[PDB]
>>> print(open('run-v3.cif').read())   # mmCIF, C-alpha atoms
data_work
loop_
_atom_site.label_atom_id
_atom_site.label_comp_id
_atom_site.auth_asym_id
_atom_site.auth_seq_id
_atom_site.Cartn_x
_atom_site.Cartn_y
_atom_site.Cartn_z
CA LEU A 115 77.74 26.29 52.76
CA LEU A 116 75.44 26.42 49.73
CA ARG A 117 72.44 24.49 51.07
CA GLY A 118 72.83 24.42 54.84
CA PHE A 119 72.23 28.12 55.40
CA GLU A 120 69.61 29.47 57.76
CA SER A 121 66.86 31.62 56.30
CA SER A 122 64.04 33.58 57.93
CA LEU A 123 61.05 31.85 56.37
CA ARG A 124 57.41 32.02 57.44
CA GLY A 125 56.91 31.71 61.17
CA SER A 126 60.20 33.45 61.94
CA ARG A 127 58.57 36.86 61.49
CA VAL A 128 55.45 36.01 63.51
CA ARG A 129 54.04 38.86 65.59
CA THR A 130 53.47 36.78 68.74
CA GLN A 131 57.24 36.77 69.42
CA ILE A 132 56.82 40.45 70.32
CA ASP A 133 53.37 39.91 71.83
CA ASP A 134 54.37 37.16 74.26
CA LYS A 135 57.30 38.99 75.89
CA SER A 136 56.26 42.11 77.79
CA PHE A 137 58.27 45.32 77.83
CA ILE A 138 58.31 45.42 81.67
CA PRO A 139 62.02 44.41 82.11
CA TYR A 140 63.18 47.01 79.57
CA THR A 141 61.27 50.04 80.91
CA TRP A 142 60.80 49.53 84.67
CA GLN A 143 63.53 50.50 87.12
CA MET A 144 64.45 48.70 90.31
CA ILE A 145 63.02 51.29 92.72
CA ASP A 146 63.69 49.37 95.99
CA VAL A 147 61.80 52.01 97.98
CA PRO A 148 58.77 51.14 100.15
CA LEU A 149 55.29 52.33 99.20
CA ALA A 150 53.54 55.11 101.12
CA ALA A 151 50.21 53.45 102.09
CA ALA A 152 49.31 56.16 104.60
CA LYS A 153 46.01 55.94 106.49
CA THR A 154 43.09 58.31 105.96
CA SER A 155 42.27 59.01 109.63
CA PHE A 156 45.73 60.53 110.11
CA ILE A 157 45.45 62.93 107.15
CA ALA A 158 41.76 63.88 107.28
CA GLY A 159 41.80 64.53 111.02
CA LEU A 160 39.83 63.55 114.08
CA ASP A 161 36.59 65.29 112.92
CA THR A 162 36.18 67.24 116.18
CA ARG A 163 32.83 68.67 114.98
CA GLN A 164 30.95 65.65 116.33
CA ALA B 390 27.98 111.50 97.21
CA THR B 391 28.53 114.26 94.66
CA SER B 392 28.12 117.02 97.26
CA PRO B 393 31.00 117.45 99.82
CA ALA B 394 28.73 119.37 102.14
CA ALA B 395 26.59 116.27 102.47
CA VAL B 396 29.48 113.84 102.30
CA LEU B 397 31.56 115.46 104.99
CA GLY B 398 28.96 117.25 107.23
CA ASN B 399 26.75 114.19 107.88
CA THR B 400 25.83 112.04 110.89
CA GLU B 401 27.05 108.76 112.39
CA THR B 402 24.18 106.63 111.08
CA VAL B 403 24.31 107.65 107.44
CA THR B 404 26.47 107.15 104.42
CA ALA B 405 26.83 107.85 100.72
CA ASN B 406 24.16 106.87 98.24
CA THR B 407 27.01 105.12 96.45
CA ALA B 408 27.46 102.80 99.41
CA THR B 409 24.63 100.72 98.00
CA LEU B 410 27.16 99.48 95.44
CA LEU B 411 29.04 97.63 98.17
CA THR B 412 27.05 94.49 97.54
CA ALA B 413 29.74 91.95 98.27
CA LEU B 414 30.61 90.65 101.72
CA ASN B 415 33.72 88.74 102.51
CA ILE B 416 34.02 87.03 105.87
CA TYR B 417 37.25 85.48 106.94
CA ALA B 418 38.33 83.43 109.92
CA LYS B 419 41.89 82.63 110.78
CA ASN B 420 42.30 79.46 112.84
CA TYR B 421 44.73 76.92 114.16
CA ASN B 422 45.25 73.32 113.12
CA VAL B 423 48.05 70.82 113.38
CA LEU B 424 50.06 69.77 110.44
CA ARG B 425 51.45 66.42 111.21
CA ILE B 426 54.37 64.93 109.42
CA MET B 427 55.23 61.30 109.88
CA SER B 428 56.96 58.51 108.03
CA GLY B 429 57.42 60.80 105.01
CA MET B 430 53.80 62.03 104.86
CA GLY B 431 51.86 65.13 105.88
CA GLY B 432 48.30 65.41 107.21
CA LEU B 433 45.89 67.48 109.29
CA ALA B 434 44.93 66.46 112.74
CA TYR B 435 41.61 68.29 112.61
CA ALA B 436 39.24 67.38 109.78
CA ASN B 437 36.50 69.90 110.56
#
>>> encode(input="run-v3.cif", output="C-alpha cells")
Amino acid sequence: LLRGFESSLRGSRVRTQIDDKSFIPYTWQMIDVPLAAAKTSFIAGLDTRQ
Amino acid sequence: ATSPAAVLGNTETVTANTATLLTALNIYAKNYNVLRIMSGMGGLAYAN
C-alpha cells in the first residue's frame, strides 16, 4: 500500500504512444459502399469530330 | 440619329450613325447531345 503503488515516471508520458497509433479507427466510418471508378470514354463522349 | 426625318424616312440599306456602337456580336447555336446515366454516374455521349 505504501511502497507498491504505481506511478507515472519517465517513459510513461512518452510522445510515441500517441505517434505510433493512428487516428484512423476513431475518425473513419464504415462506408461499405462501392467506389465510382467510372471510365472517361463514357463521360467525354465518342469524339464524333474525327 | 437625332433627326426623326432621317431616322424614320430612310432606305433599306442604311441605319443610324449610332449603330456603329453595336460593336459586339453574339453567336449562339442550340444543339442536341445525349446525357447518359448509368451505374450512378452521368456523362455525355458526344465529346465534340
>>> interface_residues(input="run-v3.cif", of="chain B", to="chain A", cutoff="6 Å", atoms="only C-alpha atoms", output="ChimeraX atom specification")
/B:432-437
>>> axis_aligned_box(input="run-v3.cif", around="stretch 126-131 of chain A", padding_each_side="4 Å", output="JSON")
{"center_x": 56.8, "center_y": 36.2, "center_z": 65.5, "size_x": 14.7, "size_y": 13.4, "size_z": 15.9}
>>> residues_around(input="run-v3.cif", residues="residue B:391", least_positions_apart="5", cutoff="10 Å", atoms="all atoms listed in the file", output="list in words")
residues 396, 405, 406 and 407 of chain B
>>> atom_distance(input="run-v3.cif", atom1="atom CA of residue A:148", atom2="atom CA of residue B:426")
17.2 Å
>>> atom_distance(input="run-v3.cif", atom1="atom CA of residue B:417", atom2="atom CA of residue B:431")
25.1 Å
>>> atom_distance(input="run-v3.cif", atom1="atom CA of residue A:137", atom2="atom CA of residue A:125")
21.6 Å
>>> decode(input="run-v3.cif", residues="stretch 396-424 of chain B", atoms="C-alpha atoms", output="mmCIF file, in the first residue's frame")
data_model
loop_
_atom_site.group_PDB
_atom_site.id
_atom_site.type_symbol
_atom_site.label_atom_id
_atom_site.label_comp_id
_atom_site.auth_asym_id
_atom_site.auth_seq_id
_atom_site.Cartn_x
_atom_site.Cartn_y
_atom_site.Cartn_z
ATOM 1 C CA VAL B 396 -34.351 58.192 -88.782
ATOM 2 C CA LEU B 397 -37.804 57.315 -89.990
ATOM 3 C CA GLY B 398 -37.806 58.403 -93.700
ATOM 4 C CA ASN B 399 -34.683 56.447 -94.744
ATOM 5 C CA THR B 400 -33.919 53.498 -97.035
ATOM 6 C CA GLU B 401 -33.470 49.737 -96.607
ATOM 7 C CA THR B 402 -29.674 49.763 -96.791
ATOM 8 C CA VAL B 403 -28.976 52.439 -94.210
ATOM 9 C CA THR B 404 -29.114 52.912 -90.496
ATOM 10 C CA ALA B 405 -28.378 55.293 -87.653
ATOM 11 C CA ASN B 406 -24.938 56.760 -87.117
ATOM 12 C CA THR B 407 -25.311 55.375 -83.603
ATOM 13 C CA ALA B 408 -25.425 51.853 -84.991
ATOM 14 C CA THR B 409 -21.641 51.955 -85.084
ATOM 15 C CA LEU B 410 -21.783 51.488 -81.316
ATOM 16 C CA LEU B 411 -23.117 47.955 -81.793
ATOM 17 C CA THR B 412 -19.622 46.539 -81.703
ATOM 18 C CA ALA B 413 -20.369 43.256 -80.005
ATOM 19 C CA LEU B 414 -21.555 40.121 -81.772
ATOM 20 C CA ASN B 415 -23.006 37.162 -80.018
ATOM 21 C CA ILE B 416 -23.499 33.947 -81.958
ATOM 22 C CA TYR B 417 -25.355 31.075 -80.440
ATOM 23 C CA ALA B 418 -26.069 27.534 -81.534
ATOM 24 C CA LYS B 419 -28.509 25.236 -79.853
ATOM 25 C CA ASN B 420 -27.763 21.547 -80.361
ATOM 26 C CA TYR B 421 -28.547 18.047 -79.267
ATOM 27 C CA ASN B 422 -26.458 15.623 -77.250
ATOM 28 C CA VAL B 423 -27.139 12.589 -75.134
ATOM 29 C CA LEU B 424 -26.870 12.644 -71.427
#
